[PDB]
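Asker: This is the structure, below, for whatever I ask next.
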Amino acid sequence: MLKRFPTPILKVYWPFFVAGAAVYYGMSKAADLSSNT
Amino acid sequence: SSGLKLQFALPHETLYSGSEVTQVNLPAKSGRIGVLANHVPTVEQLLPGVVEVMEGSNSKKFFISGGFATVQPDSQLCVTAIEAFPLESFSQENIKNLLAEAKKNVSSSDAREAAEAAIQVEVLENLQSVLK
Amino acid sequence: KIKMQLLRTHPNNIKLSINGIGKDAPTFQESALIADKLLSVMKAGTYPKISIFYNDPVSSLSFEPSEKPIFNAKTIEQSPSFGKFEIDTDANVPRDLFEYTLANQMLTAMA
Amino acid sequence: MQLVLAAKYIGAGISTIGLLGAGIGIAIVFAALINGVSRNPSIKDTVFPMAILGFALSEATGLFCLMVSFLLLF
Amino acid sequence: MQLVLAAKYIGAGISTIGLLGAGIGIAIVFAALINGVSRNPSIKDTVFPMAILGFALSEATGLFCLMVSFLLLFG
Amino acid sequence: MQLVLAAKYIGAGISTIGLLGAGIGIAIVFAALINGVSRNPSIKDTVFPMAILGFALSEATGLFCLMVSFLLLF
Amino acid sequence: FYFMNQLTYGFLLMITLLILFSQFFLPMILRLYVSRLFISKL
Amino acid sequence: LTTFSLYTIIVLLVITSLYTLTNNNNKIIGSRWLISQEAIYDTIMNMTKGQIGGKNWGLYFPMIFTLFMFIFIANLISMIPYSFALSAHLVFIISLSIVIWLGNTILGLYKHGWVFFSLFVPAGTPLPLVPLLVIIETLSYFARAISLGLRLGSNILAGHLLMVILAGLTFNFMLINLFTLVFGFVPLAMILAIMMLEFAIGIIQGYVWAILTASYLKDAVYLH
Amino acid sequence: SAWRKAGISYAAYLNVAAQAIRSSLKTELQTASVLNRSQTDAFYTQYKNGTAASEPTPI
Amino acid sequence: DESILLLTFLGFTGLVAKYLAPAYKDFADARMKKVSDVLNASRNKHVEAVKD
Amino acid sequence: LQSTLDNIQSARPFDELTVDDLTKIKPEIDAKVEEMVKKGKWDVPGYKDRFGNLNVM
C-alpha cells in the first residue's frame with residue numbers, strides 16, 4: 001500500500017497538541033459557562 | 001561582495017582601477033547620489049560637480065567636469081569622466097571672475113559662442129561651490 | 001592618406017574629411033570636437049548602423065585593421081538587457097549616452 | 001421597535017463603502033505589477049504570485065466590511 | 001413598517017458610492033498599462049491579459065457595492 | 001407613506017456622488033495617456049484604442065451609479 | 001450548541017492528518033525524488 | 001451524527017483519493033494525477049525554504065503542509081452548491097488559529113525561555129519610545145492570533161452566503177412578468193464570476209494562511 | 001541652459017566644461033600637458049557627392 | 001432557487017472542459033516528456049560511459 | 001562488461017519501472033530516504049538543475 005516511515009511527530013510537534021488540549025479545556029469552561037444563553 | 005570595486009577613468013590617466021571602496025558621492029541629473037556596496041544597476045549622466053570618494057581611509061574630494069557613472073550589475077561602479085582636481089589648488093578666483101565677466105559678455109554674442117559662454121558661466125558658478 | 005586612397009576609388013561616398021591629426025597623441029578635445037561635428041553637419045543620429053575602422057596593434061611587430069560598432073540611441077531601448085539598468089524616462093539618458101559613446105570610441109580609435 | 005430593523009438596514013448602508021479601500025487598493029498592485037513587468041520582462045514570474053498574493057490580502061480586508069454588513073443585515 | 005422600506009431606500013442610497021473604488025480602481029490599472037506599453041513597446045501581448053486580470057476581479061468588488069444597493073433596495 | 005417617497009428622493013440624492021471616482025479615474029487614464037505618448041510619439045494610435053477601451057468600461061461604473069440613482073428616484 | 005462537536009472531530013482529524021501525511025504522504029514522494037536523482041547521478 | 005463530521009470524513013477520503021488511487025503502481029515517471037501533488041510539494045518547498053531559512057528548516061515543513069491541505073481541501077468541497085458550510089464556522093477556524101498561536105508561543109518559550117520576549121525590541125530606537133513599540137507589539141502579539149482565522153472563515157461566511165442571496169436575487173428576478181427572460185443572462189455570468197472569485201478565496205486564502213504562519217514560525221523559532 | 005536645444009552636443013558640452021576647467025586652471029600647475037589638451041588644429045572639409053570641397057575650417 | 005447555482009456550475013465546468021483540461025494536458029505532457037527524456041538520456045549516456 | 005552491455009540492452013523498462021524494484025535493488029535508497037527524514041533535509045540537493053522545480057512560483 002504505502003510504506004510506513006517512522007517520522008518524528010511526537011518529539012517535534014508536542015506544543016501544538018499541548019495548545020490543542022489547552023484550548024479544548026478552555027472550551028470546556030466556555031461551553032459550560034456560555035451554553036446557558 | 002562587501003565593499004565596492006571602483007574604476008575611475010579619465011582620458012589622460014585613470015586614477016582608480018578596481019580599488020575596493022566604501023562610499024562614493026557623485027552629481028547626477030537626478031541630484032547628488034551616493035553609492036554604497038551593493039546598488040541598483042543604474043546609469044547616471046554626471047553633471048559637472050564634486051565627487052567624494054570615501055574608503056576605509058578618509059574621503060578625497062574632487063571637482064569633476066562631467067561624464068557617466070555606471071553601476072555594473074556585480075556592484076562594480078565605474079566613473080568615466082574628463083578632469084581631475086586636487087584638494088583646492090587648481091582653481092583661483094582671479095582667473096575665475098576676470099574671465100567670467102568676459103564670458104558673460106560673450107553670452108550676448110551670436111548663438112554658438114553665447115551658448116558655450118552660458119555653459120562656462122554655469123560651470124564657474126558651480127565652481128563657486130568649490131570656493132565654498 | 002586614407003582620403004587619397006578612397007577618393008581615388010570612390011569619390012561619391014566621401015562626405016567629410018578630418019585633416020590635421022597625427023602631430024601628437026590626440027586628446028579628448030579633438031575627438032570630442034569631431035564627435036560634435038558628426039552630429040552637427042553629418043547627421044549621424046538618423047543612421048541605424050555605425051562602424052569605426054581603426055588600426056589595432058596586437059603586438060609591436062603585428063597589427064590589425066578592426067571594426068568597432070557604435071550602437072545608436074534608438075537601439076539601446078531595444079536591448080533585451082536594457083531594463084535591468086534603472087534609467088530615467090525624464091532625463092534623455094540614451095540621447096546623451098550615445099554621443100558620449102561616440103566620443104570615447106573615436107578617442108580610443110585615434111589613440 | 002419599528003425602528004431597530006430600519007436602523008440595522010441603514011447600518012448595512014453605512015457599512016458598505018469600506019470596500020472602497022479594496023477598490024483603490026488592489027488597483028495599484030496591478031498598476032505596480034504592470035510597472036513590474038514593463039521595465040523588467042524577465043522577472044515577471046518572481047512577481048506573478050507575489051503581486052496577486054497581496055491581492056488576497058487587500059481583497060479580503062475589503063471582504064471584511066460588507067460581511068459585517070451582512071450579520072448587521074441579519 | 002411605514003418607515004422600514006424608506007430607511008432601506010436611503011440605506012441603498014448610502015450603499016451606492018462604495019463602487020467609488022470601481023471608478024478609480026480599474027482605471028488606474030489601465031494607467032500603468034498605457035505606461036507599460038509606452039516605455040516597453042514589445043510587451044503588449046504580455047501585459048494586457050494579466051492587466052485584464054487586474055481589470056476583472058478589481059471591478060467585481062465594485063459590483064458588490066451595487067448588489068448591496070440592489071438588495072437593500074429590494075430584498 | 002408620505003415619508004417614503006421623500007426618503008426615495010434623498011436616497012437618489014446620496015446615491016449620486018459616486019461619479020467622483022469615475023471622473024478621477026478617467027482623468028488618471030488620460031494623464032498616463034499623455035505621459036505615455038509624450039515619451040513615445042511613434043506608438044500613439046496603437047494604444048489610444050486600448051486607452052479609450054479602458055476609458056469606456058471604467059466610466060461604465062459611474063454610468064451604473066447614476067442609473068441606480070435614476071431607479072432610486074423610481 | 002455544537003462547538004464541542006465540530007471542535008473535537010476537527011482536532012481528531014488534525015492529529016490524524018499530521019501523523020498521516022508525515023508518515024505516508026510526504027516521503028512517498030521524497031522516495032520518487034531520491035530515486036530519480038539516484039538514477040540520473042547513477 | 002454530524003454532517004460536518006461527515007464532511008471531515010469526505011476530507012479524509014479525498015486525501016486518500018489524492019495519492020493512493022493517484023499512484024499508478026509506484027512508477028518513477030510520475031503520472032498526470034501525481035503531477036498535482038508534485039507541484040504542490042514544490043510550491044510549498046520553495047516557499048518555506050526561503051521563508052524561514054533555517055539550517056534545520058524542513059522539520060516544520062510537515063505541519064505547514066498539513067495546515068495547508070486541510071484548508072485547501074475544505075475550500076474545494078463547499079464550492080459545490082448543494083453542500084453545507086465547512087470552513088465558515090469561525091468558531092472552529094479561529095479555535096484552530098488560537099491553537100496554532102499558542103503552540104508557537106509554547107515552542108518559542110521552551111526554546112528561549114526569558115529571551116523569547118526579546119522580540120518586543122526589534123530595532124534601535126531612542127529612549128522615550130522604547131516601551132511603546134513594545135506595547136503595540138504586545139497589542140499586535142495577539143492581534144497576530146485573532147485575525148488570521150478571523151480573516152479566512154469570514155471570507156467563507158462572506159463567500160457562500162453571497163452565492164446564497166444573489167441566487168435568491170435571480171430567484172426574485174425570474175418570477176415577475178415574462179420580459180425577465182430577455183437579456184436576463186448577465187446576472188448568471190455575474191454569479192459565474194462570483195464562483196471564479198470563490199476559487200480564489202479558497203486557494204489563495206489557503207496560501208495566505210500558509211505564508212503568514214510561515215513568517216510566524218520563523219519569528220517564533222529564531223529571534224529576528 | 002537649453003544647450004541641447006540651442007548649442008552644443010553633450011560630448012561638446014563636456015568639452016566646453018573641459019576647456020573651462022583648464023581655463024580656470026591654477027597658472028602655477030597649468031602645465032604644458034594641459035595646454036596640449038587644448039591645442040585644436042584639426043581641419044575639416046565637407047566633400048560633396050561630386051567630390052567637391054569647402055574651405056578647411058579650424059574646428 | 002439553488003438549481004441556478006448548479007446551472008452556473010454546469011456552465012463553468014463546460015468552460016473548464018473546453019479551456020483548462022487541454023492546457024493542463026499540454027502542461028502534464030510537456031513535463032512528462034521532459035522527465036522521460038532526461039531519464040532516458042542519463043541511462044544512454046552512462047551506457048556510452050560503459051562503452052568508453 | 002560485455003555481459004553488462006547485453007544485460008543493459010534487454011532490461012531497460014525505463015518508462016515503467018517500479019520504485020519498489022529500486023528499493024529492492026538498492027537498500028541505499030530507503031537508507032538515505034529514512035536518514036533524510038530523520039535529519040529533516042527535505043531539500044533534495046543537486047535536483048533543480050536537471051529536473052525542474054515545475055511549481056507555480
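We name chains A, B, ... following the order of the C-alpha cells; residues begin at 1 in each chain, and ligands are numbered from 1 as shown.
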Taking all C-alpha atoms matched one to one in order, superimpose chain D on chain F and note the resulting RMSD in Å.
Answerer: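 0.7 Å is the C-alpha RMSD between the two chains.
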Asker: Can you tell me, as a PyMOL selection string, what residues are no more than 12 Å from residue 13 (chain D) when counting only C-alpha atoms, ignoring any on the same chain fewer than 5 positions away?
Answerer: (chain D and resi 6-8+18+65-66+68-70+72-73) or (chain E and resi 7-18+65-73) or (chain F and resi 11+14-15)
Asker: Any chance you could tabulate, as a tab-separated table, the residues of region 34-54 of chain E at most 7 Å from region 37-45 of chain D with each one's nearest atom pair and distance in Å to one decimal, using only C-alpha atoms, in chain and rising number order?
Answerer:
residue	atom	partner	partner_atom	distance
E:36	CA	D:38	CA	4.9
E:39	CA	D:38	CA	6.9
E:40	CA	D:38	CA	5.6
E:43	CA	D:38	CA	6.9
Asker: Dump C-alpha atoms for the selected residues as a PDB file, in the first residue's frame?
Answerer:
ATOM      1  CA  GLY E  36       3.722  49.762 -19.709  1.00  0.00           C
ATOM      2  CA  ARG E  39       8.268  52.558 -22.082  1.00  0.00           C
ATOM      3  CA  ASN E  40       8.226  48.945 -23.345  1.00  0.00           C
ATOM      4  CA  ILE E  43       5.350  43.847 -24.039  1.00  0.00           C
TER       5      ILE E  43
END
Asker: Using only C-alpha atoms and a cut-off of 12 Å, which residues of chain K sit close to chain D? Please list them as a short mmCIF file (atom, residue, chain, number, x, y, z; two decimals) with N, CA and C atoms, in the first residue's frame.
Answerer:
data_model
loop_
_atom_site.label_atom_id
_atom_site.label_comp_id
_atom_site.auth_asym_id
_atom_site.auth_seq_id
_atom_site.Cartn_x
_atom_site.Cartn_y
_atom_site.Cartn_z
N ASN K 55 6.97 24.34 -10.24
CA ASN K 55 5.85 24.87 -9.48
C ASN K 55 5.35 26.17 -10.11
N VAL K 56 4.30 26.73 -9.49
CA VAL K 56 3.73 27.98 -9.97
C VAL K 56 4.68 29.13 -9.68
N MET K 57 5.31 29.13 -8.52
CA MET K 57 6.25 30.18 -8.17
C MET K 57 7.64 29.60 -7.90
#
Asker: If I take CA of residue 58 (chain D) and CA of residue 24 (chain E), how far is one from the other in Å, to one decimal?
Answerer: 16.0 Å
Asker: So that I can check the surroundings of residue 21 (chain G), please list as number ranges by chain every protein, DNA and RNA residue that reaches within 10 Å of it, counting only C-alpha atoms and ignoring chain neighbours fewer than 2 positions away.
Answerer: A: 7; G: 16-19, 23-28; H: 15, 62-63, 65-66, 69
Asker: Output N, CA, C and O atoms for every residue in the selection just made, as a PDB file, in the first residue's frame.
Answerer:
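Everything below was put into out.pdb:
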ATOM      1  N   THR A   7       8.225   8.746  11.087  1.00  0.00           N
ATOM      2  CA  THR A   7       8.661  10.128  11.001  1.00  0.00           C
ATOM      3  C   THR A   7       8.343  10.869  12.291  1.00  0.00           C
ATOM      4  O   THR A   7       7.273  10.658  12.874  1.00  0.00           O
TER       5      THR A   7
ATOM      6  N   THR G  16      -4.846  13.159  13.057  1.00  0.00           N
ATOM      7  CA  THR G  16      -4.830  12.152  12.002  1.00  0.00           C
ATOM      8  C   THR G  16      -4.057  12.629  10.783  1.00  0.00           C
ATOM      9  O   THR G  16      -3.184  11.919  10.282  1.00  0.00           O
ATOM     10  N   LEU G  17      -4.326  13.853  10.325  1.00  0.00           N
ATOM     11  CA  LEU G  17      -3.668  14.341   9.125  1.00  0.00           C
ATOM     12  C   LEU G  17      -2.202  14.646   9.357  1.00  0.00           C
ATOM     13  O   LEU G  17      -1.396  14.417   8.456  1.00  0.00           O
ATOM     14  N   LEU G  18      -1.832  15.115  10.549  1.00  0.00           N
ATOM     15  CA  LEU G  18      -0.421  15.376  10.819  1.00  0.00           C
ATOM     16  C   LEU G  18       0.386  14.086  10.791  1.00  0.00           C
ATOM     17  O   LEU G  18       1.340  13.961  10.008  1.00  0.00           O
ATOM     18  N   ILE G  19      -0.020  13.096  11.599  1.00  0.00           N
ATOM     19  CA  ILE G  19       0.720  11.837  11.658  1.00  0.00           C
ATOM     20  C   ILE G  19       0.608  11.090  10.332  1.00  0.00           C
ATOM     21  O   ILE G  19       1.574  10.477   9.863  1.00  0.00           O
ATOM     22  N   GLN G  23       3.919  10.379   8.130  1.00  0.00           N
ATOM     23  CA  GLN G  23       4.397   9.016   7.956  1.00  0.00           C
ATOM     24  C   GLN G  23       4.217   8.462   6.552  1.00  0.00           C
ATOM     25  O   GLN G  23       4.986   7.580   6.161  1.00  0.00           O
ATOM     26  N   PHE G  24       3.237   8.933   5.783  1.00  0.00           N
ATOM     27  CA  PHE G  24       2.967   8.336   4.485  1.00  0.00           C
ATOM     28  C   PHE G  24       3.249   9.277   3.324  1.00  0.00           C
ATOM     29  O   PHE G  24       4.076   8.972   2.464  1.00  0.00           O
ATOM     30  N   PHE G  25       2.591  10.426   3.285  1.00  0.00           N
ATOM     31  CA  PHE G  25       2.278  11.036   2.002  1.00  0.00           C
ATOM     32  C   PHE G  25       3.334  12.011   1.525  1.00  0.00           C
ATOM     33  O   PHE G  25       3.429  12.275   0.324  1.00  0.00           O
ATOM     34  N   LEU G  26       4.119  12.565   2.434  1.00  0.00           N
ATOM     35  CA  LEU G  26       5.297  13.318   2.006  1.00  0.00           C
ATOM     36  C   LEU G  26       6.469  12.416   1.611  1.00  0.00           C
ATOM     37  O   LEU G  26       7.000  12.590   0.494  1.00  0.00           O
ATOM     38  N   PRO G  27       6.932  11.449   2.429  1.00  0.00           N
ATOM     39  CA  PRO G  27       8.117  10.702   1.997  1.00  0.00           C
ATOM     40  C   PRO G  27       7.835   9.695   0.900  1.00  0.00           C
ATOM     41  O   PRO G  27       8.790   9.233   0.268  1.00  0.00           O
ATOM     42  N   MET G  28       6.568   9.380   0.607  1.00  0.00           N
ATOM     43  CA  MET G  28       6.288   8.587  -0.585  1.00  0.00           C
ATOM     44  C   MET G  28       6.614   9.354  -1.858  1.00  0.00           C
ATOM     45  O   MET G  28       6.877   8.734  -2.893  1.00  0.00           O
TER      46      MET G  28
ATOM     47  N   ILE H  15      -8.384  12.955   0.551  1.00  0.00           N
ATOM     48  CA  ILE H  15      -6.949  12.919   0.823  1.00  0.00           C
ATOM     49  C   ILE H  15      -6.365  11.543   0.520  1.00  0.00           C
ATOM     50  O   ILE H  15      -5.271  11.429  -0.051  1.00  0.00           O
ATOM     51  N   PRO H  62       6.610  19.540   7.577  1.00  0.00           N
ATOM     52  CA  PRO H  62       5.359  18.755   7.561  1.00  0.00           C
ATOM     53  C   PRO H  62       4.119  19.532   7.958  1.00  0.00           C
ATOM     54  O   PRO H  62       3.109  19.468   7.246  1.00  0.00           O
ATOM     55  N   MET H  63       4.179  20.275   9.068  1.00  0.00           N
ATOM     56  CA  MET H  63       2.981  20.891   9.628  1.00  0.00           C
ATOM     57  C   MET H  63       2.418  21.960   8.707  1.00  0.00           C
ATOM     58  O   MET H  63       1.204  22.002   8.469  1.00  0.00           O
ATOM     59  N   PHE H  65       2.614  21.844   5.632  1.00  0.00           N
ATOM     60  CA  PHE H  65       1.888  21.121   4.606  1.00  0.00           C
ATOM     61  C   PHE H  65       0.495  20.750   5.089  1.00  0.00           C
ATOM     62  O   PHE H  65      -0.497  21.047   4.414  1.00  0.00           O
ATOM     63  N   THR H  66       0.387  20.157   6.279  1.00  0.00           N
ATOM     64  CA  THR H  66      -0.917  19.666   6.694  1.00  0.00           C
ATOM     65  C   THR H  66      -1.816  20.778   7.207  1.00  0.00           C
ATOM     66  O   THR H  66      -3.030  20.576   7.311  1.00  0.00           O
ATOM     67  N   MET H  69      -3.178  21.819   3.451  1.00  0.00           N
ATOM     68  CA  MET H  69      -4.012  20.933   2.649  1.00  0.00           C
ATOM     69  C   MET H  69      -5.424  20.840   3.191  1.00  0.00           C
ATOM     70  O   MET H  69      -6.381  20.829   2.408  1.00  0.00           O
TER      71      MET H  69
END
Asker: Identify all residues of chain K in alpha helix (DSSP H) (DSSP on the backbone) and supply them as a tab-separated table (two decimals) with C-alpha atoms, in the first residue's frame.
Answerer:
chain	number	residue	atom	x	y	z
K	2	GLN	CA	30.14	-7.45	-22.35
K	3	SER	CA	27.63	-9.26	-20.13
K	4	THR	CA	26.72	-5.91	-18.54
K	5	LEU	CA	26.19	-4.45	-22.02
K	6	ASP	CA	23.97	-7.37	-23.03
K	7	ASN	CA	22.00	-7.07	-19.77
K	8	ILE	CA	21.72	-3.32	-20.38
K	9	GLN	CA	20.26	-3.77	-23.85
K	10	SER	CA	17.33	-6.03	-22.94
K	19	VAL	CA	10.32	2.35	-7.37
K	20	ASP	CA	9.69	-0.68	-5.16
K	21	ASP	CA	12.01	-2.57	-7.50
K	22	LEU	CA	14.54	0.21	-6.97
K	23	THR	CA	14.20	-0.22	-3.22
K	24	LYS	CA	14.59	-3.96	-3.80
K	25	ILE	CA	17.74	-3.45	-5.88
K	27	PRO	CA	18.52	-0.55	0.24
K	28	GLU	CA	20.70	2.56	-0.07
K	29	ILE	CA	17.51	4.20	-1.41
K	30	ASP	CA	15.46	3.60	1.73
K	31	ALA	CA	18.51	4.23	3.93
K	32	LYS	CA	19.10	7.70	2.50
K	33	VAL	CA	15.36	8.49	2.45
K	34	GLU	CA	14.91	7.45	6.08
K	35	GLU	CA	18.04	9.32	7.20
K	36	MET	CA	16.83	12.31	5.20
K	37	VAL	CA	13.51	12.37	7.02
K	38	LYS	CA	15.18	11.75	10.40
K	39	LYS	CA	17.52	14.69	9.89
Asker: Would you kindly report the residues of chain H within 8 Å of chain G, using only C-alpha atoms, as a ChimeraX atom specification?
Answerer: /H:2,4-5,8,12,19,28,38,62-63,66,91-92,95
Asker: Okay, now the selection with N, CA and C atoms, as an mmCIF file, in the first residue's frame?
Answerer:
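selection11.cif written:
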data_model
loop_
_atom_site.group_PDB
_atom_site.id
_atom_site.type_symbol
_atom_site.label_atom_id
_atom_site.label_comp_id
_atom_site.auth_asym_id
_atom_site.auth_seq_id
_atom_site.Cartn_x
_atom_site.Cartn_y
_atom_site.Cartn_z
ATOM 1 N N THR H 2 -23.124 14.049 12.862
ATOM 2 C CA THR H 2 -22.938 15.402 12.368
ATOM 3 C C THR H 2 -22.613 15.364 10.883
ATOM 4 N N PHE H 4 -21.137 17.835 9.519
ATOM 5 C CA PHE H 4 -19.803 18.423 9.497
ATOM 6 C C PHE H 4 -18.734 17.371 9.773
ATOM 7 N N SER H 5 -19.019 16.430 10.677
ATOM 8 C CA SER H 5 -18.110 15.306 10.864
ATOM 9 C C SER H 5 -18.089 14.416 9.628
ATOM 10 N N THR H 8 -15.719 16.012 7.388
ATOM 11 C CA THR H 8 -14.351 15.620 7.727
ATOM 12 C C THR H 8 -14.019 14.235 7.170
ATOM 13 N N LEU H 12 -10.981 13.321 4.522
ATOM 14 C CA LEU H 12 -10.002 12.244 4.641
ATOM 15 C C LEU H 12 -10.097 11.275 3.465
ATOM 16 N N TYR H 19 -3.478 10.459 -3.562
ATOM 17 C CA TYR H 19 -2.159 9.852 -3.647
ATOM 18 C C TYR H 19 -2.252 8.372 -3.968
ATOM 19 N N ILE H 28 8.187 5.540 -11.508
ATOM 20 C CA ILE H 28 9.156 6.632 -11.462
ATOM 21 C C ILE H 28 8.638 7.841 -12.222
ATOM 22 N N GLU H 38 2.910 16.781 -6.864
ATOM 23 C CA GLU H 38 4.297 17.139 -7.144
ATOM 24 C C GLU H 38 4.485 18.652 -7.131
ATOM 25 N N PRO H 62 6.610 19.540 7.577
ATOM 26 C CA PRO H 62 5.359 18.755 7.561
ATOM 27 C C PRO H 62 4.119 19.532 7.958
ATOM 28 N N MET H 63 4.179 20.275 9.068
ATOM 29 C CA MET H 63 2.981 20.891 9.628
ATOM 30 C C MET H 63 2.418 21.960 8.707
ATOM 31 N N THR H 66 0.387 20.157 6.279
ATOM 32 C CA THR H 66 -0.917 19.666 6.694
ATOM 33 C C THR H 66 -1.816 20.778 7.207
ATOM 34 N N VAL H 91 -15.910 29.855 14.702
ATOM 35 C CA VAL H 91 -15.537 29.296 15.997
ATOM 36 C C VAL H 91 -14.461 28.234 15.823
ATOM 37 N N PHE H 92 -14.673 27.312 14.882
ATOM 38 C CA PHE H 92 -13.715 26.235 14.663
ATOM 39 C C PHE H 92 -12.402 26.743 14.079
ATOM 40 N N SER H 95 -10.595 28.908 16.535
ATOM 41 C CA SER H 95 -10.079 27.982 17.534
ATOM 42 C C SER H 95 -8.796 27.309 17.067
#
Asker: Mind giving me the straight-line distance from CA of residue 1 (chain E) to CA of residue 71 (chain F) in Å, one decimal?
Answerer: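 Atom-to-atom, CA of residue 1 (chain E) and CA of residue 71 (chain F) are spaced 21.9 Å apart.
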Asker: Excluding residue 7 (chain I) and its own-chain neighbours fewer than 4 positions away, which residues fall within 9 Å of it when counting only C-alpha atoms? Please give them as a list in words.
Answerer: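 Residues meeting the cut-off are residues 111, 112, 113, 114, 115 and 116 of chain B; 2, 3 and 13 of chain I.
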Asker: Please identify all polymer residues within 12 Å of residue 164 (chain H), counting only C-alpha atoms, omitting same-chain residues fewer than 4 positions from it, and present them as a list in words.
Answerer: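 Final neighbour list, sorted by chain and number: residues 79, 81, 82, 83, 84, 85, 156, 157, 158, 159, 160, 168, 169, 170, 171, 191, 194 and 195 of chain H; 1, 2, 3, 4, 5 and 6 of chain J.
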Asker: Would you give me, as a list in words, the residues of chain H that come within 10 Å of chain D, using only C-alpha atoms?
Answerer: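 Selected residues: residues 150, 151, 152, 154, 155, 156, 157, 158, 159, 161, 162, 200, 201, 203, 204, 205, 207, 208 and 211 of chain H.
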Asker: I need the chosen residues saved as a short mmCIF file (atom, residue, chain, number, x, y, z; two decimals), in the first residue's frame, with N, CA, C and O atoms.
Answerer:
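Listed below is the output, again_36.cif:
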data_model
loop_
_atom_site.label_atom_id
_atom_site.label_comp_id
_atom_site.auth_asym_id
_atom_site.auth_seq_id
_atom_site.Cartn_x
_atom_site.Cartn_y
_atom_site.Cartn_z
N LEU H 150 -9.83 34.82 11.69
CA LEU H 150 -11.00 35.69 11.53
C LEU H 150 -11.02 36.32 10.15
O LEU H 150 -12.05 36.85 9.73
N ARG H 151 -9.91 36.28 9.43
CA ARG H 151 -9.94 36.52 8.00
C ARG H 151 -10.76 35.44 7.30
O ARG H 151 -11.90 35.68 6.88
N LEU H 152 -10.24 34.21 7.31
CA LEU H 152 -10.50 33.28 6.22
C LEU H 152 -11.93 32.78 6.23
O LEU H 152 -12.63 32.87 5.21
N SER H 154 -14.39 34.22 7.72
CA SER H 154 -15.28 35.34 7.47
C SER H 154 -15.30 35.69 5.99
O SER H 154 -16.26 36.29 5.51
N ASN H 155 -14.23 35.34 5.27
CA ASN H 155 -14.32 35.31 3.82
C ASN H 155 -15.34 34.29 3.38
O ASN H 155 -16.20 34.57 2.54
N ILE H 156 -15.27 33.09 3.97
CA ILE H 156 -16.13 31.99 3.55
C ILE H 156 -17.56 32.23 4.04
O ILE H 156 -18.53 31.89 3.34
N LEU H 157 -17.71 32.85 5.21
CA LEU H 157 -19.03 33.33 5.62
C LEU H 157 -19.51 34.45 4.71
O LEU H 157 -20.72 34.61 4.51
N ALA H 158 -18.58 35.20 4.12
CA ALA H 158 -18.98 36.12 3.06
C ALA H 158 -19.02 35.41 1.72
O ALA H 158 -19.59 35.93 0.76
N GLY H 159 -18.39 34.24 1.61
CA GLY H 159 -18.37 33.56 0.33
C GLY H 159 -19.70 32.94 -0.04
O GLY H 159 -20.44 33.50 -0.86
N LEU H 161 -22.62 32.45 1.47
CA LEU H 161 -23.80 33.27 1.73
C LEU H 161 -24.07 34.24 0.60
O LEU H 161 -25.24 34.46 0.25
N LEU H 162 -23.00 34.79 0.01
CA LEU H 162 -23.11 35.59 -1.21
C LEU H 162 -23.83 34.81 -2.30
O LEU H 162 -24.90 35.23 -2.77
N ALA H 200 -10.65 31.68 -5.98
CA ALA H 200 -9.54 32.47 -5.45
C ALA H 200 -9.61 32.58 -3.94
O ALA H 200 -8.61 32.35 -3.25
N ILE H 201 -10.80 32.85 -3.40
CA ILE H 201 -10.97 32.95 -1.95
C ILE H 201 -10.85 31.60 -1.27
O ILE H 201 -10.76 31.53 -0.04
N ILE H 203 -8.32 29.11 -2.71
CA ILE H 203 -6.94 28.68 -2.93
C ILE H 203 -5.95 29.69 -2.37
O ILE H 203 -5.06 29.36 -1.57
N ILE H 204 -6.10 30.95 -2.78
CA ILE H 204 -5.11 31.95 -2.45
C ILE H 204 -5.23 32.32 -0.98
O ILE H 204 -4.23 32.65 -0.34
N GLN H 205 -6.43 32.19 -0.40
CA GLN H 205 -6.57 32.37 1.04
C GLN H 205 -5.88 31.28 1.83
O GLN H 205 -5.30 31.55 2.89
N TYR H 207 -3.20 29.74 0.75
CA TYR H 207 -1.78 30.03 0.62
C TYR H 207 -1.38 31.24 1.47
O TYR H 207 -0.25 31.31 1.96
N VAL H 208 -2.31 32.18 1.65
CA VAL H 208 -2.11 33.31 2.56
C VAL H 208 -1.94 32.82 3.99
O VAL H 208 -1.04 33.28 4.71
N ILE H 211 1.56 31.21 4.21
CA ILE H 211 2.70 32.12 4.17
C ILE H 211 2.78 32.97 5.45
O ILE H 211 3.88 33.22 5.97
#
Asker: Residues of chain D were defined as contacting chain F if any atom lay at most 12 Å from it, counting only C-alpha atoms; please report them as number ranges by chain.
Answerer: D: 10, 13-14, 17, 20, 23-24, 27, 31
Asker: Include N, CA and C atoms and write out the residues we just selected as a PDB file, in the first residue's frame.
Answerer:
ATOM      1  N   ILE D  10     -30.092  50.711   7.655  1.00  0.00           N
ATOM      2  CA  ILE D  10     -29.210  51.837   7.329  1.00  0.00           C
ATOM      3  C   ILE D  10     -27.792  51.590   7.835  1.00  0.00           C
ATOM      4  N   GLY D  13     -26.266  50.082   5.229  1.00  0.00           N
ATOM      5  CA  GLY D  13     -25.956  51.117   4.253  1.00  0.00           C
ATOM      6  C   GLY D  13     -24.609  51.785   4.487  1.00  0.00           C
ATOM      7  N   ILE D  14     -24.366  52.253   5.714  1.00  0.00           N
ATOM      8  CA  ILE D  14     -23.116  52.955   6.017  1.00  0.00           C
ATOM      9  C   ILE D  14     -21.916  52.030   6.050  1.00  0.00           C
ATOM     10  N   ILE D  17     -19.239  51.228   2.166  1.00  0.00           N
ATOM     11  CA  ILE D  17     -18.229  51.897   1.348  1.00  0.00           C
ATOM     12  C   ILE D  17     -16.811  51.576   1.780  1.00  0.00           C
ATOM     13  N   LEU D  20     -14.424  50.358  -0.703  1.00  0.00           N
ATOM     14  CA  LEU D  20     -13.673  51.390  -1.413  1.00  0.00           C
ATOM     15  C   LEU D  20     -12.170  51.222  -1.247  1.00  0.00           C
ATOM     16  N   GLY D  23     -11.331  48.756  -3.544  1.00  0.00           N
ATOM     17  CA  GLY D  23     -11.429  49.240  -4.912  1.00  0.00           C
ATOM     18  C   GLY D  23     -10.260  50.089  -5.352  1.00  0.00           C
ATOM     19  N   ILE D  24      -9.710  50.888  -4.449  1.00  0.00           N
ATOM     20  CA  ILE D  24      -8.425  51.504  -4.732  1.00  0.00           C
ATOM     21  C   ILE D  24      -7.317  50.469  -4.670  1.00  0.00           C
ATOM     22  N   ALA D  27      -6.033  47.779  -7.060  1.00  0.00           N
ATOM     23  CA  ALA D  27      -5.741  48.556  -8.257  1.00  0.00           C
ATOM     24  C   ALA D  27      -4.261  48.874  -8.380  1.00  0.00           C
ATOM     25  N   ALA D  31      -1.281  47.916 -10.949  1.00  0.00           N
ATOM     26  CA  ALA D  31      -0.567  49.019 -11.571  1.00  0.00           C
ATOM     27  C   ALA D  31       0.925  48.839 -11.386  1.00  0.00           C
TER      28      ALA D  31
END
